[PDB]
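In order of appearance the chains are A, B, C, D, E and F, and numbering begins at 1 in each one.
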Amino acid sequence: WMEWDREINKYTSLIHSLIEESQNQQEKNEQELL
Amino acid sequence: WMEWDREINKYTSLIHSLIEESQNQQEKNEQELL
Amino acid sequence: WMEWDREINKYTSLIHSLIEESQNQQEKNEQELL
Amino acid sequence: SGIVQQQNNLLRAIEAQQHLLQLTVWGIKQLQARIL
Amino acid sequence: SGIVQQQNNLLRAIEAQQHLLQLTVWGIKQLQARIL
Amino acid sequence: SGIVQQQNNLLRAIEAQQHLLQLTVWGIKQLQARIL
């Protein structure tokens, strides 16, 4: 369970960052359509 | 747990809807390519 | 729970395959950008 | 074409992941019924 | 335009799935706390 | 270029989510064995 906890936190933080980066790229791609 | 139940329901419906919209867009994109 | 196990196994295998397919396609697409 | 194909792949992955999620929800509910 | 719209769709789906995941994690933690 | 990059982003998100899912599966299995 202690390792589980560690891993949960790690991947949760990674996903948050990936989502953030994807959001930024999405708005850049939408801008570029113009 | 009561709020948990509520949120599960809410997000499950949302995902179903997004999946549906995505499937529709996928077919439109495929037709446009043809 | 036996059916649960069966389903978990089924979808896990499927996702693995889809992920691999997607990785291959990603490589191909990057290559084509050149 | 490659891009569109990749979109299909990703959508399929998301769908499979949704099935898995639904399975985990079932399990959690079962455990909660016995545990609480 | 269609491809970009489809990226938005997929991203939104991943985000919704993330909410679901966080909810399953909460539930598992509640149950773990009681059993151990 | 932007589109392909976004695809990589999305795929990476899906992979990370899959890791999290496998973790929830592990947790449910542990709880289930402890009670049943």
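The rule is short, and it goes like this: contacts are C-beta pairs under 8 Å (C-beta built on N, C-alpha and C of every residue); 3 or more make two chains touch, one makes a residue touch a chain.
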Kindly list the shared contact partners of chain E and chain F, in label order.
A, D
Identify the chain pair with more contacting C-beta pairs: B-D or C-D.
C-D
Among C-D, A-F or A-E, find the interface that matches B-D: by residue number, over half of the contact pairs should be common to both.
A-E
If you average the CA atoms of chain C and of chain F, how far apart do the two points sit, in angstrom?
12
Separation of chain D from chain E, taking each centre as the mean of its C-alpha atoms, in whole Å
9
Residues of chain A whose C-beta touches two or more other chains
1, 8, 12, 15, 19, 22, 26, 29
Give me the residue numbers in chain E that touch at least two other chains, ranges are fine.
3-4, 6-7, 10-11, 13-14, 17-18, 20-21, 24-25, 27-28, 30-32, 35-36
Over in the complex, which chain F residues touch chain E? Could you list them?
3, 6-7, 10, 13-14, 17, 20-21, 24, 27-28, 31, 34-35
State the interface residues of chain D toward chain C in the complex, per the touch definition above.
2-3, 5-6, 9-10, 12-13, 16-17, 19-20, 23, 26-27, 30
Can you list the chain C residues touching chain F in their complex?
1, 8, 12, 15, 19, 22-23, 26, 29-30, 33
For chain F, which residues are in contact with chain C within the complex?
1, 4, 7-8, 11, 14-15, 18, 22, 25, 32, 36
The answer for chain A against chain F in the complex is residues 1, 4, 7-8, 11-12, 14-15, 18-19, 21-22, 25-26, 28-29, 32
